Amino acid sequence: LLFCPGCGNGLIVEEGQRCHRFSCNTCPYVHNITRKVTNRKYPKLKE
Amino acid sequence: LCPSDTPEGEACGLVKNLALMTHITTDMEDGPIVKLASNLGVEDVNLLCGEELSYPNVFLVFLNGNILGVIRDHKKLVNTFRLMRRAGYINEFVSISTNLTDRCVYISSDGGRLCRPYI
Amino acid sequence: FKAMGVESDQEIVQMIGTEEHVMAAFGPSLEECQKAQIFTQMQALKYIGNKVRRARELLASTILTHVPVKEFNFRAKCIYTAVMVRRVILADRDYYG
Amino acid sequence: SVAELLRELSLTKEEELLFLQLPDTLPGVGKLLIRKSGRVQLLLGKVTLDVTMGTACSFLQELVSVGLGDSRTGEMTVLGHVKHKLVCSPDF
Amino acid sequence: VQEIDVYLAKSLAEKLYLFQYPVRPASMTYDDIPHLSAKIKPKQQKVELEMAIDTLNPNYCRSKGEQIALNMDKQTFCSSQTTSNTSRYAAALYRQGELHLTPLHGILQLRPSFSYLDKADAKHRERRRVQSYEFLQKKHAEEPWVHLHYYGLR
Amino acid sequence: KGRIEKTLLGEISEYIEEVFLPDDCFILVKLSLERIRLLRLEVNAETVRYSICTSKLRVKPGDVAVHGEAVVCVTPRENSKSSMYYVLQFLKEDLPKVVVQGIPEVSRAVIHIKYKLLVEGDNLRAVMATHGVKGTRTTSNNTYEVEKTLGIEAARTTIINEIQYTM
Ligand SMILES: [Zn+2]
């Protein structure tokens, strides 16, 4: 969940040319190859 | 309540009996409770949405089930109301309790609460 | 929440959880499910309430979570609903308090 | 962090706009005393000692101080932003 | 033992109205001095401004075109007031040598006004109670003749 | 035990996430391999890829790939139903709850000591048929799942037994 500076309506990623155009007034930050990272480490019980 | 005074049959634990040294409370006004709450420190409707959250110093005061602001220091509020009640400025029956699992202090002036005296 | 006056979605998470660790899992639950249908509007989101409630729902949101008081300043009502959601994501009927 | 702001205020001379919630006292130069150990007390008018210390998380948003001059006949001008809030409580 | 004294500064604080922003915490966003087209009300401020959007983000383009009204592009605000009792908060400007108290007027929050989706739906249509009060304002909403400008003043 | 009790993709992996590369957004799973050898069970990134497939999450083509050293799987993006982002935020939830291997119905299996193992499950003949369990000697306590699987006459003998066991 990354929010919009300007309306604040949550993250939407359009897969055209790597932007973040929200359903409202366009504020598409065309993030370059900066690699997105979201590793939500899970749980690993054993034995 | 009495632990051993109950019927058996249909009402094995559903019809209880009051103990000796109890006292059910009556209602009262909520004037001086709020008036000491807003002096002792609380603030609501101007605080950013984020404040009342996982941050430890956000115990939110609740009176009778309605939020009345948030206090950074729960101890000063619970202790000051308790000294005030003992002094007699607030009604003897009102009770300030704190749940630390969810940071909500609970000022109850409900009326109908089962009460009891201690030294 | 959008019917209650807080229209933006940034405000709603800020209400529920700013520290994200499980309150981020409020995110793809509902505010995406809100956004999955293009329905960002405050007046339009009274309208979905205005159908199922068997502009006309500014009043009939007073018969919902009553004792949180409102003088058509719904800010006090929102936090009490947000705290009700706050419990669930953090999650005794017979106890004599 | 209760008295830190005053020491931070001491660290940089830049004037800092502050937000103060005084207690609800009607009018029946004030003095602020910082006790050893950080227990700031404002010995306000009537010589009462009011303890003011800490507050809600602040700066988590932009709070801005603006003097509305009735711009139709004046100007609305932002004068400062905001700093940590301060709450004043009567003492017993 | 900093014994700094607090002046009960009588410099008129009737002008002082705190503005709040539960919108801009991500990167110390300052609202920025240049934007004008300023519109403000005394009661329920409804600050309407020239928050013109950048063009560094790449044009936005067709969806902006799809917006219908944009007048560059106003990102206006409607003030959520919280002025019930409004003297509980009255602090001002504080050096490490002097302290000036000033009692403010009602604080007002300033979340972003949309009205683009509001007007947008109406457009499709073309294709409460005493809401404004008894006097319909006839004035508070009319008052927006506004000039946000920079002056060192106390 | 690991062969017959279910283990979700979630239980066996390291830090999963989507990763943003130009013109796409592919998810990734790091798949804790110390564990997979610790818990005696036989999964591999090929076996996960077959199990990410045919798993009702519409990833039925070969869109899911197998990177690394059989240590990481990747599925980029679906075809339709708001396929640009809203299926990927959909995909991050259902992906660490697909059963990698084992009988999906069985909640968990607990060993007990000679050695036997009792399960809290219901899928009987899928348990009876696995490798290592002598399916000639295995009983239930659910007299319907003996009737569906083992005939009526074994369902008679459990109604005799499981009453005379609880009496
Ligand atoms: Zn936007």
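Protein chains in written order, with the deposited numbering: chain A, 2 to 48; chain B, 479 to 597; chain C, 240 to 293, 309 to 345, 353 to 358; chain D, 250 to 277, 326 to 389; chain E, 10 to 80, 97 to 152, 188 to 214; chain F, 1102 to 1214, 1222 to 1275. Here a beta-carbon is modelled for each residue, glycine too, at the ideal position from N, C-alpha and C.
Between D/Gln358 and E/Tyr26, the beta carbon gap of about 16 Å keeps them out of contact (Cβ cut-off 8 Å). In terms of CA proximity to D/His381, E/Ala117 leads the group E/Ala117, E/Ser105, E/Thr127 and E/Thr107. Around F/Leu1225, the same chain offers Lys1102, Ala1210 and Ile1212 as residues with beta carbons nearer than 6 Å, after the five sequence neighbours per side are excluded.
Inclusion of B/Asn517 and D/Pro272 in the CB contact set at 8 Å is warranted, their separation being smaller than that value. Taking a cut-off of 8 Å for Cβ pairs, the region 266 to 281 of chain C and the region 248 to 255 of chain C touch, as three or more such pairs fall below it. Note that the C-beta distance between F/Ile1105 and F/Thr1246 is not below 8 Å. Look at A/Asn10: its C-beta is under 8 Å from a C-beta on chain C. At a Cβ-Cβ threshold of 8 Å, F/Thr1266 and F/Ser1248 count as neighbours. Contact annotation: in the region 1168 to 1195 of chain F, residues whose CB is within less than 8 Å of a CB in chain C are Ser1183, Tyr1187, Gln1190, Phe1191, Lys1193 and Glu1194.
Contact of E/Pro51 with chain C by beta-carbon distance below 9 Å is absent, the smallest such distance being about 18 Å. Pairing E/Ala145 with E/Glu75, the inter-Cα distance amounts to about 10 Å.
Residues of the region 343 to 372 of chain D with a Cβ closer than 7 Å to any Cβ of chain E, in chain order: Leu357, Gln358, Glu359, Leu360, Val361, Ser362, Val363, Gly364, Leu365, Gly366, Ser368, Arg369 and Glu372. The Cβ of D/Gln338 sits no closer than 8 Å to any Cβ of chain E. Under the three-state reduction of DSSP, A/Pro44 is assigned to coil, being neither helix nor strand. Non-local C-beta neighbours of E/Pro128 in its own chain, meaning closer than 7 Å and more than five positions away in sequence, comprise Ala22, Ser112 and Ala115, ordered along the chain. Contact check between the region 189 to 201 of chain E and the region 27 to 46 of chain E: fewer than three CB pairs, one atom from each, fall below 8 Å, which does not count as touching. When secondary structure is reduced to three states using DSSP, D/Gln338 falls in the strand class.
For F/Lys1161, there is no enclosing beta strand (DSSP E), as DSSP marks it with neither H nor E.
The beta carbons of D/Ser368 and E/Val206 sit closer together than 8 Å. Under the three-state reduction of DSSP output, D/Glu264 falls in the coil class, being neither helix nor strand. Inter-residue distance for C/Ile255 and C/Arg340 is about 6 Å (C-alpha atoms, whole angstroms). Inter-segment contact for the region 520 to 532 of chain B and the region 483 to 498 of chain B is absent: fewer than three beta-carbon pairs are separated by less than 8 Å. If you draw a straight line from the Cα of C/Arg293 to the Cα of C/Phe328, it is about 22 Å long. Straight across, the Cα-Cα distance linking A/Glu15 with B/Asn535 is about 40 Å.
At a cut-off of 8 Å between beta-carbon atoms, C/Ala242 makes no contact with chain A.
The distance from the Cβ of E/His130 to that of D/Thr374 is about 15 Å, inconsistent with a contact at the 8 Å cut-off. Of all alpha-carbon atoms in F/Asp1230, F/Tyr1223 and F/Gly1229, the one lying nearest the alpha-carbon of F/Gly1240 is that of F/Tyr1223.
The Cβ of B/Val548 sits closer than 8 Å to at least one Cβ of chain D.
Cβ proximity to chain C below 7 Å picks out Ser24 and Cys25 from the region 19 to 46 of chain A. Measuring C-alpha to C-alpha distances from E/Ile132 to each of D/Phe389, D/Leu365 and D/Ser386 identifies D/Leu365 as the nearest. Each of E/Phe195, E/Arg189 and E/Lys148 was checked against the Cα of E/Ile77, and the nearest Cα belongs to E/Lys148.
The closest CA to that of B/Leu561, considering only B/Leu578, B/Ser573 and B/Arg591, is found on B/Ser573. Non-local beta-carbon contacts of E/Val15 in its own chain, meaning distances under 7 Å to residues more than five positions away in sequence, involve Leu124 and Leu126 in chain order. For D/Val375, the secondary structure class from DSSP, reduced to helix, strand or coil, is strand.
For E/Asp143, the uninterrupted alpha helix (DSSP H) segment begins and ends at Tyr141 to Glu151. For the beta strand (DSSP E) assignment, the uninterrupted runs of no fewer than 3 residues enclosed by the region 532 to 565 of chain B are, from N- to C-terminal side, 538 to 541 and 544 to 548.
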